[PDB]
Amino acid sequence: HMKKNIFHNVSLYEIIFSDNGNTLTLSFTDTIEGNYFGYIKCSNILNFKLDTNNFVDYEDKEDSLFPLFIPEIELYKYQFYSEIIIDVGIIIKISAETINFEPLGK
Amino acid sequence: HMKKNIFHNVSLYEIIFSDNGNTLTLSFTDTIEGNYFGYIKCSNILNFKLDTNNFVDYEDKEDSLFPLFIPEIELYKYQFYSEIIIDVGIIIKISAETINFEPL
């Protein structure tokens, strides 16, 4: 069990299944120029939770999940799997056998 | 509250967020020869949960979530939102303000 903050001040713009559903990849831009920044790859998914937590105003036309601006992403490493937690009103939790990401730092 | 079983004997092959992320589309084939069957579109998502519950053997290099064979899907229509539940060991639950599907 370890904890670590990664991907400071990023913008999540997609969540994509791959490898016949076994992998989830989250892709991000930076919050300055807005260019592509990188990704978090969650391989061999254990669980995935998205809860909008009454945060998105669906009566608001201009309001939507993506792009989702994120101050930082919590990464937990256990003996046999890892978990990322995104908590920005909306909450996203993903547990997977391996979690890797690029780039390794800003 | 009205509960209903839909999409009998289907195979789920993708779960896709829209560009703005407000909509989730689940796409299905039949389980006969893999021809396209239809979709369930969940608009204005409230929550989405996928738990593989140790039913995908990751030590078996051949095992994978998709295609996910489904005997039926439970559809709940509450007063102000709807929910689908897929329970095949693997569990998928999606609540959204509206849930629409084709074919009817």
# chains A, B, ... in the order shown; residues from 1 in each chain; ligands from 1
>>> residues_around(residues="residue 56 of chain B", least_positions_apart="2", cutoff="10 Å", atoms="only C-alpha atoms", output="number ranges by chain")
A: 22, 44-46; B: 52-54, 58-60, 62-66, 89-90
>>> residues_around(residues="segment 33-39 of chain B", least_positions_apart="4", cutoff="6 Å", atoms="only C-alpha atoms", output="PDB file with C-alpha atoms, in the first residue's frame")
ATOM      1  CA  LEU B  26     -23.794   0.223 -25.315  1.00  0.00           C
ATOM      2  CA  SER B  27     -23.705  -1.654 -28.630  1.00  0.00           C
ATOM      3  CA  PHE B  28     -24.789  -5.260 -29.146  1.00  0.00           C
ATOM      4  CA  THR B  29     -24.750  -8.089 -31.654  1.00  0.00           C
ATOM      5  CA  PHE B 101     -32.930   1.633 -26.953  1.00  0.00           C
ATOM      6  CA  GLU B 102     -33.415   0.096 -30.401  1.00  0.00           C
ATOM      7  CA  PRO B 103     -34.887  -2.237 -31.440  1.00  0.00           C
TER       8      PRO B 103
END
>>> residues_around(residues="residue 31 of chain A", least_positions_apart="2", cutoff="12 Å", atoms="only C-alpha atoms", output="PDB file with N, CA, C and O atoms, in the first residue's frame")
ATOM      1  N   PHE A   7      -0.251  13.535 -12.404  1.00  0.00           N
ATOM      2  CA  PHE A   7      -1.019  14.261 -13.420  1.00  0.00           C
ATOM      3  C   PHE A   7      -1.636  15.537 -12.839  1.00  0.00           C
ATOM      4  O   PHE A   7      -2.858  15.712 -12.796  1.00  0.00           O
ATOM      5  N   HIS A   8      -0.759  16.440 -12.394  1.00  0.00           N
ATOM      6  CA  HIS A   8      -1.220  17.706 -11.836  1.00  0.00           C
ATOM      7  C   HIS A   8      -1.755  18.617 -12.934  1.00  0.00           C
ATOM      8  O   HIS A   8      -1.151  18.741 -14.005  1.00  0.00           O
ATOM      9  N   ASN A   9      -2.894  19.249 -12.657  1.00  0.00           N
ATOM     10  CA  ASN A   9      -3.496  20.262 -13.517  1.00  0.00           C
ATOM     11  C   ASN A   9      -3.639  19.771 -14.960  1.00  0.00           C
ATOM     12  O   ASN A   9      -3.105  20.346 -15.904  1.00  0.00           O
ATOM     13  N   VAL A  10      -4.392  18.683 -15.123  1.00  0.00           N
ATOM     14  CA  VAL A  10      -4.650  18.109 -16.433  1.00  0.00           C
ATOM     15  C   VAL A  10      -6.147  18.174 -16.739  1.00  0.00           C
ATOM     16  O   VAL A  10      -6.976  18.428 -15.870  1.00  0.00           O
ATOM     17  N   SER A  11      -6.482  17.879 -17.993  1.00  0.00           N
ATOM     18  CA  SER A  11      -7.862  17.908 -18.474  1.00  0.00           C
ATOM     19  C   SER A  11      -8.174  16.569 -19.121  1.00  0.00           C
ATOM     20  O   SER A  11      -7.592  16.238 -20.156  1.00  0.00           O
ATOM     21  N   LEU A  12      -9.092  15.812 -18.516  1.00  0.00           N
ATOM     22  CA  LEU A  12      -9.521  14.526 -19.059  1.00  0.00           C
ATOM     23  C   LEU A  12     -10.533  14.733 -20.182  1.00  0.00           C
ATOM     24  O   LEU A  12     -11.550  15.407 -19.992  1.00  0.00           O
ATOM     25  N   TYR A  13     -10.270  14.146 -21.358  1.00  0.00           N
ATOM     26  CA  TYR A  13     -11.186  14.325 -22.476  1.00  0.00           C
ATOM     27  C   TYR A  13     -11.749  13.024 -23.026  1.00  0.00           C
ATOM     28  O   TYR A  13     -12.631  13.080 -23.889  1.00  0.00           O
ATOM     29  N   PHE A  28      -5.574  12.846 -21.675  1.00  0.00           N
ATOM     30  CA  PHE A  28      -5.530  14.159 -21.049  1.00  0.00           C
ATOM     31  C   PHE A  28      -4.838  15.168 -21.949  1.00  0.00           C
ATOM     32  O   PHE A  28      -3.900  14.829 -22.676  1.00  0.00           O
ATOM     33  N   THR A  29      -5.295  16.416 -21.868  1.00  0.00           N
ATOM     34  CA  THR A  29      -4.566  17.583 -22.357  1.00  0.00           C
ATOM     35  C   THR A  29      -4.008  18.369 -21.177  1.00  0.00           C
ATOM     36  O   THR A  29      -4.394  18.164 -20.022  1.00  0.00           O
ATOM     37  N   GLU A  33      -1.568  25.559 -22.937  1.00  0.00           N
ATOM     38  CA  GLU A  33      -1.827  25.621 -24.373  1.00  0.00           C
ATOM     39  C   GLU A  33      -2.993  24.733 -24.790  1.00  0.00           C
ATOM     40  O   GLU A  33      -3.564  24.949 -25.866  1.00  0.00           O
ATOM     41  N   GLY A  34      -3.359  23.749 -23.971  1.00  0.00           N
ATOM     42  CA  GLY A  34      -4.427  22.838 -24.330  1.00  0.00           C
ATOM     43  C   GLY A  34      -4.019  21.726 -25.267  1.00  0.00           C
ATOM     44  O   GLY A  34      -4.885  21.108 -25.896  1.00  0.00           O
ATOM     45  N   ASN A  35      -2.725  21.445 -25.383  1.00  0.00           N
ATOM     46  CA  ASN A  35      -2.277  20.381 -26.263  1.00  0.00           C
ATOM     47  C   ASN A  35      -2.392  19.036 -25.568  1.00  0.00           C
ATOM     48  O   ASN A  35      -2.516  18.946 -24.344  1.00  0.00           O
ATOM     49  N   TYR A  36      -2.338  17.977 -26.371  1.00  0.00           N
ATOM     50  CA  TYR A  36      -2.255  16.635 -25.822  1.00  0.00           C
ATOM     51  C   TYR A  36      -1.142  16.559 -24.788  1.00  0.00           C
ATOM     52  O   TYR A  36      -0.067  17.132 -24.970  1.00  0.00           O
ATOM     53  N   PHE A  37      -1.406  15.854 -23.694  1.00  0.00           N
ATOM     54  CA  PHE A  37      -0.379  15.656 -22.675  1.00  0.00           C
ATOM     55  C   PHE A  37      -0.031  14.182 -22.517  1.00  0.00           C
ATOM     56  O   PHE A  37       1.136  13.803 -22.678  1.00  0.00           O
ATOM     57  N   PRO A  67     -14.650  18.455 -21.368  1.00  0.00           N
ATOM     58  CA  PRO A  67     -13.357  18.147 -20.739  1.00  0.00           C
ATOM     59  C   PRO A  67     -13.461  18.288 -19.230  1.00  0.00           C
ATOM     60  O   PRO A  67     -14.133  19.195 -18.754  1.00  0.00           O
ATOM     61  N   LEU A  68     -12.824  17.403 -18.482  1.00  0.00           N
ATOM     62  CA  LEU A  68     -12.908  17.425 -17.027  1.00  0.00           C
ATOM     63  C   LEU A  68     -11.573  17.908 -16.472  1.00  0.00           C
ATOM     64  O   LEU A  68     -10.576  17.185 -16.534  1.00  0.00           O
ATOM     65  N   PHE A  69     -11.558  19.094 -15.886  1.00  0.00           N
ATOM     66  CA  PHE A  69     -10.317  19.629 -15.345  1.00  0.00           C
ATOM     67  C   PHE A  69     -10.040  19.024 -13.970  1.00  0.00           C
ATOM     68  O   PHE A  69     -10.927  18.973 -13.112  1.00  0.00           O
ATOM     69  N   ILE A  70      -8.813  18.531 -13.780  1.00  0.00           N
ATOM     70  CA  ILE A  70      -8.441  17.743 -12.613  1.00  0.00           C
ATOM     71  C   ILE A  70      -7.201  18.355 -11.973  1.00  0.00           C
ATOM     72  O   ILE A  70      -6.145  18.427 -12.618  1.00  0.00           O
ATOM     73  N   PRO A  71      -7.276  18.803 -10.716  1.00  0.00           N
ATOM     74  CA  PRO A  71      -6.055  19.269 -10.034  1.00  0.00           C
ATOM     75  C   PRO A  71      -4.971  18.206  -9.921  1.00  0.00           C
ATOM     76  O   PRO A  71      -3.787  18.513 -10.114  1.00  0.00           O
TER      77      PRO A  71
END
>>> residues_around(residues="residue 51 of chain A", least_positions_apart="5", cutoff="7 Å", atoms="only C-alpha atoms", output="mmCIF file with N, CA, C and O atoms, in the first residue's frame")
data_model
loop_
_atom_site.group_PDB
_atom_site.id
_atom_site.type_symbol
_atom_site.label_atom_id
_atom_site.label_comp_id
_atom_site.auth_asym_id
_atom_site.auth_seq_id
_atom_site.Cartn_x
_atom_site.Cartn_y
_atom_site.Cartn_z
ATOM 1 N N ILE A 90 -17.512 15.427 -9.471
ATOM 2 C CA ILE A 90 -17.612 14.124 -10.105
ATOM 3 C C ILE A 90 -16.512 13.237 -9.536
ATOM 4 O O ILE A 90 -15.402 13.703 -9.257
ATOM 5 N N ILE A 91 -16.816 11.961 -9.328
ATOM 6 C CA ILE A 91 -15.850 11.001 -8.798
ATOM 7 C C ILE A 91 -15.675 9.857 -9.787
ATOM 8 O O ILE A 91 -16.659 9.297 -10.282
ATOM 9 N N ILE A 92 -14.418 9.517 -10.074
ATOM 10 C CA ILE A 92 -14.059 8.380 -10.907
ATOM 11 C C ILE A 92 -13.065 7.531 -10.128
ATOM 12 O O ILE A 92 -12.051 8.046 -9.646
ATOM 13 N N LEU B 46 -25.906 9.544 -14.437
ATOM 14 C CA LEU B 46 -25.846 9.761 -12.999
ATOM 15 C C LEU B 46 -24.762 8.899 -12.366
ATOM 16 O O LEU B 46 -23.896 9.411 -11.651
ATOM 17 N N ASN B 47 -24.765 7.597 -12.633
ATOM 18 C CA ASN B 47 -23.626 6.789 -12.225
ATOM 19 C C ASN B 47 -23.468 5.598 -13.157
ATOM 20 O O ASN B 47 -24.424 5.138 -13.785
ATOM 21 N N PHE B 48 -22.224 5.133 -13.246
ATOM 22 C CA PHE B 48 -21.848 3.978 -14.046
ATOM 23 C C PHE B 48 -20.911 3.143 -13.197
ATOM 24 O O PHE B 48 -19.947 3.663 -12.624
#
>>> interface_residues(of="chain A", to="chain B", cutoff="12 Å", atoms="only C-alpha atoms", output="ChimeraX atom specification")
/A:12-24,26,43-68,90-98
>>> write_last_selection(atoms="N, CA and C atoms", output="tab-separated table (two decimals), in the first residue's frame")
chain	number	residue	atom	x	y	z
A	12	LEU	N	-9.09	15.81	-18.52
A	12	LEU	CA	-9.52	14.53	-19.06
A	12	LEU	C	-10.53	14.73	-20.18
A	13	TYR	N	-10.27	14.15	-21.36
A	13	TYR	CA	-11.19	14.32	-22.48
A	13	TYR	C	-11.75	13.02	-23.03
A	14	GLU	N	-11.29	11.86	-22.56
A	14	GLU	CA	-11.91	10.63	-23.02
A	14	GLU	C	-11.53	9.47	-22.11
A	15	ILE	N	-12.38	8.45	-22.14
A	15	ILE	CA	-12.22	7.22	-21.38
A	15	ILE	C	-12.55	6.10	-22.35
A	16	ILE	N	-11.57	5.26	-22.68
A	16	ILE	CA	-11.68	4.37	-23.83
A	16	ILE	C	-11.39	2.94	-23.41
A	17	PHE	N	-12.30	2.02	-23.76
A	17	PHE	CA	-12.02	0.59	-23.59
A	17	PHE	C	-11.13	0.08	-24.72
A	18	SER	N	-10.17	-0.80	-24.39
A	18	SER	CA	-9.35	-1.49	-25.39
A	18	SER	C	-9.02	-2.89	-24.91
A	19	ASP	N	-8.31	-3.64	-25.75
A	19	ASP	CA	-7.95	-5.03	-25.46
A	19	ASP	C	-9.19	-5.85	-25.11
A	20	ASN	N	-10.22	-5.76	-25.97
A	20	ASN	CA	-11.43	-6.56	-25.79
A	20	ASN	C	-12.07	-6.29	-24.43
A	21	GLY	N	-12.05	-5.02	-24.03
A	21	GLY	CA	-12.67	-4.59	-22.79
A	21	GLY	C	-11.82	-4.75	-21.54
A	22	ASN	N	-10.63	-5.33	-21.64
A	22	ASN	CA	-9.80	-5.59	-20.45
A	22	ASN	C	-9.02	-4.37	-19.98
A	23	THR	N	-8.95	-3.32	-20.79
A	23	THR	CA	-8.11	-2.16	-20.51
A	23	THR	C	-8.94	-0.90	-20.67
A	24	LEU	N	-8.73	0.04	-19.75
A	24	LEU	CA	-9.28	1.39	-19.85
A	24	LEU	C	-8.15	2.39	-19.97
A	26	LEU	N	-7.39	6.52	-20.09
A	26	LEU	CA	-7.86	7.88	-19.87
A	26	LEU	C	-6.86	8.81	-20.54
A	43	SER	N	-4.76	-1.62	-16.92
A	43	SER	CA	-4.80	-2.92	-17.60
A	43	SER	C	-5.36	-4.01	-16.68
A	44	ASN	N	-6.28	-4.81	-17.24
A	44	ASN	CA	-6.98	-5.87	-16.52
A	44	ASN	C	-7.85	-5.25	-15.44
A	45	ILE	N	-8.97	-4.68	-15.88
A	45	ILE	CA	-9.84	-3.91	-15.01
A	45	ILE	C	-10.48	-4.80	-13.96
A	46	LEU	N	-10.47	-4.31	-12.72
A	46	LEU	CA	-11.21	-4.93	-11.64
A	46	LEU	C	-12.53	-4.23	-11.42
A	47	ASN	N	-12.51	-2.91	-11.20
A	47	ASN	CA	-13.78	-2.20	-11.25
A	47	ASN	C	-13.56	-0.78	-11.76
A	48	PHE	N	-14.66	-0.20	-12.25
A	48	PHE	CA	-14.69	1.17	-12.75
A	48	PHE	C	-15.96	1.81	-12.23
A	49	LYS	N	-15.83	2.96	-11.57
A	49	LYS	CA	-16.99	3.69	-11.06
A	49	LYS	C	-16.92	5.13	-11.51
A	50	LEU	N	-18.02	5.63	-12.06
A	50	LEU	CA	-18.20	7.04	-12.35
A	50	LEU	C	-19.47	7.48	-11.66
A	51	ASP	N	-19.37	8.49	-10.80
A	51	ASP	CA	-20.54	9.03	-10.12
A	51	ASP	C	-20.52	10.53	-10.32
A	52	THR	N	-21.56	11.07	-10.97
A	52	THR	CA	-21.55	12.50	-11.24
A	52	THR	C	-21.91	13.32	-10.01
A	53	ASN	N	-22.48	12.69	-8.98
A	53	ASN	CA	-22.65	13.32	-7.67
A	53	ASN	C	-23.43	14.63	-7.76
A	54	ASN	N	-24.46	14.66	-8.60
A	54	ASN	CA	-25.31	15.85	-8.77
A	54	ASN	C	-24.46	17.09	-9.01
A	55	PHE	N	-23.32	16.92	-9.67
A	55	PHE	CA	-22.40	18.02	-9.95
A	55	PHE	C	-22.67	18.65	-11.31
A	56	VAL	N	-22.90	17.83	-12.33
A	56	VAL	CA	-23.22	18.35	-13.66
A	56	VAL	C	-24.65	18.84	-13.66
A	57	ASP	N	-24.85	20.08	-14.11
A	57	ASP	CA	-26.19	20.63	-14.30
A	57	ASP	C	-26.63	20.26	-15.71
A	58	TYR	N	-27.50	19.26	-15.81
A	58	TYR	CA	-27.96	18.83	-17.12
A	58	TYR	C	-28.99	19.78	-17.72
A	59	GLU	N	-29.66	20.58	-16.90
A	59	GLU	CA	-30.46	21.69	-17.43
A	59	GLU	C	-29.59	22.72	-18.14
A	60	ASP	N	-28.29	22.78	-17.81
A	60	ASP	CA	-27.35	23.70	-18.44
A	60	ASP	C	-26.85	23.10	-19.75
A	61	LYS	N	-27.11	23.79	-20.86
A	61	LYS	CA	-26.68	23.28	-22.16
A	61	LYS	C	-25.16	23.20	-22.25
A	62	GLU	N	-24.46	24.17	-21.65
A	62	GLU	CA	-23.01	24.26	-21.81
A	62	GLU	C	-22.24	23.35	-20.85
A	63	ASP	N	-22.92	22.55	-20.04
A	63	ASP	CA	-22.26	21.78	-18.99
A	63	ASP	C	-22.16	20.32	-19.40
A	64	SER	N	-20.97	19.75	-19.25
A	64	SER	CA	-20.78	18.36	-19.66
A	64	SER	C	-19.60	17.77	-18.91
A	65	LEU	N	-19.52	16.44	-18.94
A	65	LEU	CA	-18.47	15.75	-18.21
A	65	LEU	C	-17.09	16.11	-18.75
A	66	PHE	N	-16.89	15.96	-20.06
A	66	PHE	CA	-15.65	16.27	-20.76
A	66	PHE	C	-15.73	17.65	-21.40
A	67	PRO	N	-14.65	18.46	-21.37
A	67	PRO	CA	-13.36	18.15	-20.74
A	67	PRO	C	-13.46	18.29	-19.23
A	68	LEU	N	-12.82	17.40	-18.48
A	68	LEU	CA	-12.91	17.42	-17.03
A	68	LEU	C	-11.57	17.91	-16.47
A	90	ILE	N	-17.51	15.43	-9.47
A	90	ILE	CA	-17.61	14.12	-10.10
A	90	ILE	C	-16.51	13.24	-9.54
A	91	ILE	N	-16.82	11.96	-9.33
A	91	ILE	CA	-15.85	11.00	-8.80
A	91	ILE	C	-15.68	9.86	-9.79
A	92	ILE	N	-14.42	9.52	-10.07
A	92	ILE	CA	-14.06	8.38	-10.91
A	92	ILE	C	-13.07	7.53	-10.13
A	93	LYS	N	-13.35	6.23	-10.01
A	93	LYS	CA	-12.44	5.30	-9.35
A	93	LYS	C	-12.21	4.13	-10.29
A	94	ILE	N	-10.96	3.76	-10.50
A	94	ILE	CA	-10.64	2.60	-11.34
A	94	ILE	C	-9.61	1.76	-10.61
A	95	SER	N	-9.89	0.47	-10.48
A	95	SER	CA	-8.95	-0.51	-9.96
A	95	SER	C	-8.59	-1.47	-11.08
A	96	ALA	N	-7.30	-1.79	-11.20
A	96	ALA	CA	-6.82	-2.61	-12.31
A	96	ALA	C	-5.53	-3.29	-11.88
A	97	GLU	N	-5.23	-4.44	-12.50
A	97	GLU	CA	-4.05	-5.19	-12.09
A	97	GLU	C	-2.78	-4.34	-12.23
A	98	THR	N	-2.67	-3.57	-13.32
A	98	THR	CA	-1.54	-2.67	-13.50
A	98	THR	C	-2.05	-1.33	-13.96
>>> atom_distance(atom1="atom CA of residue 10 of chain B", atom2="atom CA of residue 69 of chain B")
6.0 Å
>>> closest_residue(among="B:24, B:42, B:104, B:12", to="residue 86 of chain B", atoms="only C-alpha atoms")
B:12
>>> atom_distance(atom1="atom CA of residue 76 of chain A", atom2="atom CA of residue 5 of chain A")
8.9 Å
>>> atom_distance(atom1="atom CA of residue 3 of chain B", atom2="atom CA of residue 84 of chain B")
9.6 Å
